[PDB]
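Only heavy atoms go into these numbers, but all of them, side chains included; no hydrogens, no water, no symmetry mates. Throughout, a chain's letter reflects where its sequence line sits, starting with A, and its residues are numbered from 1.
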Amino acid sequence: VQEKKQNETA
Amino acid sequence: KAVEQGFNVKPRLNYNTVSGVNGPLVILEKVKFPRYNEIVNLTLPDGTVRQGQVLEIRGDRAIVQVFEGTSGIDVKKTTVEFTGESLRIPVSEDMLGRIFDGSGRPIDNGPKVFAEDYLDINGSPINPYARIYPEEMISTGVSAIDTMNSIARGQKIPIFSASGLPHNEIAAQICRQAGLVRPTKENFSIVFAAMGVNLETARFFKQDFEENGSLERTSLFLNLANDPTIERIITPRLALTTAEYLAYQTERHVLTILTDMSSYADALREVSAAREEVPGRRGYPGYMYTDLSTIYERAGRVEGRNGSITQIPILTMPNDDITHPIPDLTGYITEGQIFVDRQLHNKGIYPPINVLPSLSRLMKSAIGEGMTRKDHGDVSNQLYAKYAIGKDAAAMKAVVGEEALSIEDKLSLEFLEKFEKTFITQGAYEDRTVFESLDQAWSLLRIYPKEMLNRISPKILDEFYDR
Amino acid sequence: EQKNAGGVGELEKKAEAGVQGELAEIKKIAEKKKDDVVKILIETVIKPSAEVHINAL
Amino acid sequence: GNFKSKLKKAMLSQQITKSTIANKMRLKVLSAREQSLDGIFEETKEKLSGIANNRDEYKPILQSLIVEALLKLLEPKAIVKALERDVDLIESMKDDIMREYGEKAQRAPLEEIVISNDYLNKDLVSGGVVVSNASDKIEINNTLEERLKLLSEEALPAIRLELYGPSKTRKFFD
Amino acid sequence: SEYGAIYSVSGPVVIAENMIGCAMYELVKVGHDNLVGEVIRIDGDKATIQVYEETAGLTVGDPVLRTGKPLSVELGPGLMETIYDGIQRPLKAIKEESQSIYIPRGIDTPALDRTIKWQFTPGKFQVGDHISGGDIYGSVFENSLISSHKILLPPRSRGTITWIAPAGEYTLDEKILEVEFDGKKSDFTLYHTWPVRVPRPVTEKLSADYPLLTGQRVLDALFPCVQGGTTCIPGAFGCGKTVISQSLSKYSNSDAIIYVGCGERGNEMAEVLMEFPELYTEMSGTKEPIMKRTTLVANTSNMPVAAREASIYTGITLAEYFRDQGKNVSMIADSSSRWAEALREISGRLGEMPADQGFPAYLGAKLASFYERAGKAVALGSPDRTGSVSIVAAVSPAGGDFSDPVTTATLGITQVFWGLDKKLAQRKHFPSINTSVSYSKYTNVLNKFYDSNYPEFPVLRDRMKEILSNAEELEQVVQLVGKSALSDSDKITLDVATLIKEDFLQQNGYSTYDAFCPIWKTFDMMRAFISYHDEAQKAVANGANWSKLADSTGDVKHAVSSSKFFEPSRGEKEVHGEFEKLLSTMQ
Ligand SMILES: Nc1ncnc2c1ncn2[C@@H]1O[C@H](COP(=O)(O)OP(=O)(O)O)[C@@H](O)[C@H]1O
Ligand SMILES: [Mg+2]
C-alpha cells in the first residue's frame with residue numbers, strides 16, 4: 001500500500 | 001403534499017466516456033458535475049442495463065461500483081447515464097409477503113412495488129435523544145437465550161456461528177417462537193435479507209415461513225451465492241429501509257434478520273481491495289466498523305412511534321475465530337451475541353449455544369421485579385458461575401481424573417452434564433416460557449447446597465431454593 | 001386423513017371470487033381518475049424545466 | 001413417531017396450500033393495479049403522440065426541449081438528433097435556440113448546432129430530441145417517450161395518492 | 001470571494017479548490033446544505049476538509065464557504081443536564097426543531113439555550129477594576145446541584161470593567177460586562193466560545209495527589225487513580241469497559257462529569273439519558289440527579305466518522321472549562337480507539353503514508369496532546385481556585401490484542417491501566433479487571449492520602465497483590481497435577497485468592513449493595529481478607545490440617561465472604577461493626 005501510494009499518487 | 005414534487009421530469013446525461021474497468025470498478029472520465037454516492041445506469045454493448053454507485057468523484061472523474069459486475073463492459077460502446085439521485089427503494093406496506101433480488105427487484109412473478117415513497121437505502125442515523133432504551137423481553141422460546149441471554153424487543157444481537165452449524169435452524173426457531181413475555185394487550189413482521197447464501201438456505205427459510213404462516217408478514221431480499229457479489233453491499237440497506245418503513249412509517253413492531261452479514265464483509269473487502277485502499281486487519285477495509293455500524297444501528301425503538309426493529313444478523317466466524325475482524329467489529333457494535341458452538345454441536349446438543357461467550361447487553365434491564373421475575377438475574381448469574389466451574393472441573397478431570405478433584409468439582413461436573421443435556425438441549429418446535437426455563441434452572445442449581453449458591457442473594461435463595 | 005387434499009383443492013375459486021370485488025373497485029377507480037392522472041402526466045411531460053445546473057452559475 | 005411426523009406433514013401441506021392461495025390472490029390484486037397504471041401510461045403515450053403530431057402546438061415544446069438539453073450540456077457546439085419529421089422544423093429555429101441558450105445560460109450564444117443525419121426511430125420515438133456533445137460522447141435523450149419513462153418512475157407515489165388516496169397505516173410520513 | 005468549490009469528494013474528505021487564503025483547522029460550510037467541516041490541510045489553493053456530516057450527494061463545484069473561525073465550543077450556563085451531537089449542537093433542541101427522529105444534515109441550532117433566563121449575580125469586581133482572563137466576575141444559579149455556575153472572562157480577554165450588570169435574570173445573549181482595553185470596548189455575555197483544539201490556559205499545573213474514588217473495590221484498592229490523572233481501560237467487546245465508565249460517572253467524586261461516547265451505541269447514550277436523571281448524588285448535601293452535574297457528547301457509530309474527533313475535543317474542552325471554575329471534572333471517553341480509527345479513515349482517504357496498521361504517523365502525537373489536557377491545575381484569574389480534569393479513556397483493541405498501535409500508545413501515555421479480561425467477563429466476574437497486567441503509577445503519591453486516612457491501606461494492597469500473584473502462578477500447577485499435591489500453605493494461598501476474587505474483587509455493579517463501595521468499606525474488607533489469610537497461615541504454620549480446618553472455620557470464611565453484602569446505606573460506623581462482629585467473632 002505504501003509503495004503504491006508513494007510511487008503512483010505522490 | 002410532498003409526493004406532489006414527483007411530477008417533475010429531469011433529463012439525464014448519458015456519457016459514454018468510460019476509461020477503465022478493473023474488478024467491480026468502472027472509471028468514467030468526463031462527467032459534468034459528478035455527484036457523490038449517485039446511482040448510475042450502465043448500458044452494456046450487449047444492451048443489458050446494470051446499476052452502479054459513484055464511490056468517488058474528482059473533477060470530471062467518477063469511480064462507480066457496478067453491483068451486477070463489470071463482465072462484458074468495454075470502454076467504447078458502454079454508456080453510463082447519471083440519474084442524479086442516490087439509491088432509493090420504493091416502499092409500500094404491500095411489500096410484506098413478497099420476494100426480491102438483492103437489488104430489490106421482485107422475483108415472485110408479481111408486479112413492481114406501487115410506491116408510496118422512495119426512501120434512500122442509507123437512511124439517516126436516529127437522533128440518540130429520540131431513541132427509547134429497549135426493555136420489553138422477547139420469549140424466543142429457547143432457554144439458552146431467554147434465561148441467560150434474554151433479548152429485548154428492539155435489540156440488535158447477531159448469531160455468531162460457523163460452518164456446518166445449525167444457525168439457520170436457531171434463527172428460524174427464534175423467528176417462529178418470538179413473542180413478548182407479557183403481551184402489551186401481535187405477531188412480528190419479518191424482513192429477511194440473505195447475502196451469498198446457498199439455494200437450500202433460502203429455501204429452508206422460505207418454506208419455514210410458509211409452514212408457520214408468517215410469509216404474508218415477510219419481505220425477503222434473496223442475494224444467493226450465484227448472484228453478483230457487490231450487490232450484497234446494498235441488500236442489507238434495502239432490507240433495513242423496508243424494515244424501517246414498516247417500523248416507524250407504518251408503526252409496525254418488526255423483527256428483521258440480515259442473514260450471512262459475515263458474507264457482506266467479503267464484498268466490502270473486495271470493493272476496498274479494488275480501490276487499493278489502506279487495509280485493516282486481514283485486508284478488510286479500515287472503515288468496516290463504520291460500514292457495519294450503519295447497518296447494525298438501524299435497529300431500536302423511537303419515542304413517538306409504536307414500532308420497533310429487532311435485528312438478528314447471522315454471522316459465520318472463519319475457523320470459529322471470534323477475534324476475526326468480522327465477529328470482532330460486530331461484537332463492538334451489537335448489543336450482545338448468541339454464540340453457536342461447534343463443540344456442543346459435535347457433542348449432539350441442539351441448540352448448540354455456548355452461553356459463556358454469548359451475551360445480551362439489554363438483559364439487565366429486561367429482567368426482574370414485575371416484568372419477568374425476581375430470581376431471573378440471580379439465577380442467570382449463578383448458572384454462569386456454576387457452568388464456568390463445571391467446564392474447569394471437566395478439564396482437571398481430563399488430565400487428572402475424578403479422584404483428585406474436590407466435592408464441589410464433582411457437583412459442578414454433575415451440574416455441567418444436566419445443564420447441557422437437559423436445559424441448553426431443547427427440541428426444535430419446543431417453546432419453553434421464561435418461567436418454565438427459570439424453574440428448570442432452579443432444579444439444576446439445587447444440585448448444589450444452599451451455601452455454595454454464593455451468587456444468589458439471601459432473599460432470593462430463601463423463596464426459590466426450597467420449592 | 002388424506003381426503004383434505006380435495007378440500008384445499010376446492011379453496012381456489014372461492015377467494016378467486018372474493019377478490020373480484022376489489023378488482024372491480026380498481027377498475028372503477030381507474031375509469032374515474034384516469035383522465036385527471038393523464039392530464040397531469042401530459043402537462044408534466046410537455047412542461048419544460050429549462051434551467052442550468054446550480055453549480056454552473 | 002413416523003405417523004405423527006407424517007400427520008404433521010399433511011397439516012403443513014394443508015396450511016401451505018392455504019397460504020399459497022392467499023399469496024396468489026394478493027399478487028392478482030397487485031397485478032390488476034399495475035395493469036390499470038399501465039393503461040393510464042399507454043393513454044398518456046397516445047396523447048403525447050397526438051400532441052407531437054400537431055405542428056403548431058408542437059413547435060414551442062420542441063424548442064423548450066432542445067434548449068433544456070443544451071442548458072444541461074453547456075457545450076459550445078452541439079448535435080441534435082430528431083425525427084425526420086422535425087429536421088425541417090428544427091432548421092427554421094436554430095437561431096432562436098442559440099439565442100435562448102445564450103440568454104438562459106447567461107453565457108455567450110451557442111456556437112454551432114449540427115442536425116444529425118441519423119434520425120430517431122419514428123416507430124418508437126414520437127417527438128423531442130437527443131442533444132449530444134460535439135464529440136457524440138455525452139448525450140441527453142430529451143424525447144417525449146424518455147420524458148414519460150422518467151416520469152413513470154418519479155411520479156409513481158403521486159399517482160398512487162391521486163388514485164387510491166392515503167394509506168390508513170402510514171401514520172408517520174418520513 | 002469566500003466561496004471555494006468542491007473539487008473531490010471521497011467518504012468524509014472533501015478537497016475544495018479556490019481555497020487560497022484559508023487557515024488551518026478553520027470551519028467551512030460545504031455544499032448547499034451548509035455541512036460543517038474543518039480545513040485539515042492546505043496545499044496552494046486546494047484545501048482538504050473533513051466534513052462532520054454525511055457527504056452523500058455532494059457535487060463537484062458545490063460552494064464551500066469560509067467561516068473564519070475554528071471548531072469552537074460554547075461555554076456558559078445551560079451546559080449541564082444536556083446531550084450534544086459530537087460537535088457542540090444540542091440533540092434535544094434538534095429534535096424539537098426538526099420534529100423528526102433524525103438529525104437533519106446541516107441543521108444549525110445554538111448550543112446553549114438562548115431563551116432561558118439565568119439569575120446572574122455579580123462577583124467581587126466593580127467599574128474601573130482590571131479584569132483579565134479567567135476572572136470570575138459573577139455567578140448564575142444553574143440547577144440545585146450546580147448552584148453557582150461561575151461566569152469567567154474568556155481566557156484571552158483583558159481590560160478595565162467599564163460596566164458590570166446588576167444582579168438579575170439575563171438570557172445568554174444579553175450583555176453582562178463591558179471592558180475597555182487600549183480604548184477599544186468589548187462586550188461579554190454569560191457565555192463565550194473557545195476553540196476545542198486549543199487547550200484552555202492555567203496559571204500552573206499542579207501534582208495530582210487526591211484519589212479518584214470510584215465505587216469499585218478492585219479499582220480503588222489495587223489500581224487507584226487520582227483526581228487529575230489519566231487512565232485507560234483496554235478490553236475486548238464484552239468485558240465491561242462501558243459499565244465501568246458509567247459506574248464511575250455515577251459514583252465518582254468528580255463535581256462534574258463529561259461523558260463522551262465517541263463512536264459507540266446510541267442505546268448506551270440513551271440509557272445514560274434515562275438512568276442518570278433517576279440516579280442522585282448527595283455530594284451537594286441533598287440527593288440531586290447525577291445528570292444535573294453530568295453532560296453528554298453523544299456521537300454514535302452510524303454518525304459521521306470525522307465527528308468522532310470533534311467529540312473528544314468537545315469533551316476535554318468542557319472538562320477544562322469546568323476545571324477553570326474550581327471543579328474536579330472527570331472526562332469519560334468511550335472509546336479512544338474509535339477516534340483513532342476516524343483519523344486512520346481520514347488519513348487513508350487523505351493520501352499520506354500509513355503507519356504500522358494503517359494509522360497515521362501522528363496518531364501518538366494526537367493521543368499525547370489529548371491526554372496532556374488532563375491534570376490538576378490552578379485556574380487562570382481570580383478568585384484563586386484549583387480544579388482538575390481526570391480522563392478515563394476506554395480503548396477497544398482489535399480482537400482484544402493489547403499490542404495494537406492505539407493501545408500501545410495509550411499505555412505509553414496514560415498512568416493507570418485497567419486492562420480487562422474477556423475470560424473473567426464470560427464467567428460474569430465483574431469488574432473483569434486483569435490484575436496480572438493492570439498497573440497504577442499513582443500508588444506512590446497516594447501514599448500521603450493513605451498516611452492521612454488509612455495507613456494500612458498500601459501494605460494491605462501490596463499483600464493482596466502478592467497473594468493474587470502467587471495464586472495465579474499456583475492454579476496453573478493445580479490444573480495439571482491436582483490440588484492434593486500442594487503444600488497446606490499453598491492450598492491456603494489458593495483458597496484465600498479464590499475467596500478474594502469471588503467476594504472482594506468481584507462486585508456486582510447492578511445491585512444495591514455493590515453498585516457502589518466506599519473506600520472505608522473497601523479498606524475494612526481488605527483488612528478482613530488479609531487477616532483471614534494470616535490466621536490460616538499461622539494455624540498451619542504452628543501445626544494444623546488445613547483440610548479439616550476449612551470445615552472447622554467454614555462459618556468464619558462465610559462471614560468474610562458475606563461482608564460483600566453489607567448495604568453501604570447504613571454508612572460508616574454501622575457497617576464498621578465488622579471491625580468486631582467479623583474481626584472478633586473469629587481471628
Ligand atoms: N460491573 C458489572 N456488573 C455487571 N454486569 C457487568 C459489569 N460490567 C459489565 N457487565 C456486563 O457486560 C456487558 C457488556 O459489557 P459493556 O459494558 O458493554 O462493555 P464493553 O463495551 O467493553 O463491551 C454489559 O452489558 C453488562 O451486562
Ligand atoms: Mg466500549
In Å, rounded to the nearest 0.5 Å, how long is the span from [atom1] of [X] to [atom2] of [Y]?
X: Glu68(D); Y: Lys47(C); atom1: CD; atom2: NZ; answer: 10.5 Å
X: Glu43(D); Y: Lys39(C); atom1: CD; atom2: NZ; answer: 11.5 Å
X: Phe41(D); Y: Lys34(C); atom1: CZ; atom2: NZ; answer: 13.0 Å
X: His53(C); Y: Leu71(D); atom1: NE2; atom2: CG; answer: 12.5 Å
X: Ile46(C); Y: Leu48(D); atom1: CD1; atom2: CG; answer: 8.0 Å

query: Hey, does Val52(C) have a side-chain heavy atom less than 4.5 Å from the side chain of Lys104(D)?
result: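 No, too far: nothing below the 4.5 Å cut-off.
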
task: For the residue pair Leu41(C) and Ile40(D), establish whether any side-chain heavy-atom pair is separated by less than 4.5 Å.
output: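 Yes, close enough: below the 4.5 Å cut-off.
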
- prompt: Among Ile51(D), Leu70(D), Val29(D), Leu150(D), which has the most heavy-atom pairs under 4.5 Å with chain C?
  reply: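 That would be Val29(D).
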
Which of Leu148(D), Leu163(D), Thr20(D) touches chain C most, by non-hydrogen pairs under 4.5 Å: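 Greatest number of close heavy-atom pairs with chain C: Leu163(D).
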
Region of [X] in contact with chain C, defined by heavy-atom distances below 4.5 Å:
X: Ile61(D); value: side chain
X: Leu151(D); value: side chain
X: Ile159(D); value: side chain

More than 12 heavy atoms from other groups under 6.0 Å of CG on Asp38(D):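 Enclosed.
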
message: Just to be sure I understand the criterion: a residue of residues 16-23 of chain C counts if one of its heavy atoms is under 4.5 Å from a heavy atom of chain D. Which ones qualify?
response: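 Under the 4.5 Å heavy-atom cut-off, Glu16(C), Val19(C), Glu22(C), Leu23(C) qualify.
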
query: So which of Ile40(C), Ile42(C), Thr44(C) actually passes side-chain contact (heavy atoms from CB on, under 4.5 Å) with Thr44(D)?
result: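 Only one option passes, and that is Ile42(C).
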
Which atom of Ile26(C) lies closest to which atom of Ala32(D), heavy atoms considered: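 Between these two residues, the closest heavy atoms are CG2-O, 4.1 Å.
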
message: Quick test of your reading of the model: are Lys33(C) and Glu162(D) salt-bridged, counting only N-O distances below 4.0 Å?
response: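 The answer is no: the pair does not qualify as a salt bridge.
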
- prompt: Should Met11(D) and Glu1(C) be marked as a side chain to side chain contact (heavy atoms under 4.5 Å, CB included) after you check the CA-CA gap, both sets of side-chain angles, and the distance that decides it?
  reply: CA-CA 10 Å; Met11(D) 290 311 150; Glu1(C) 289 283 321; 3.9 Å; yes

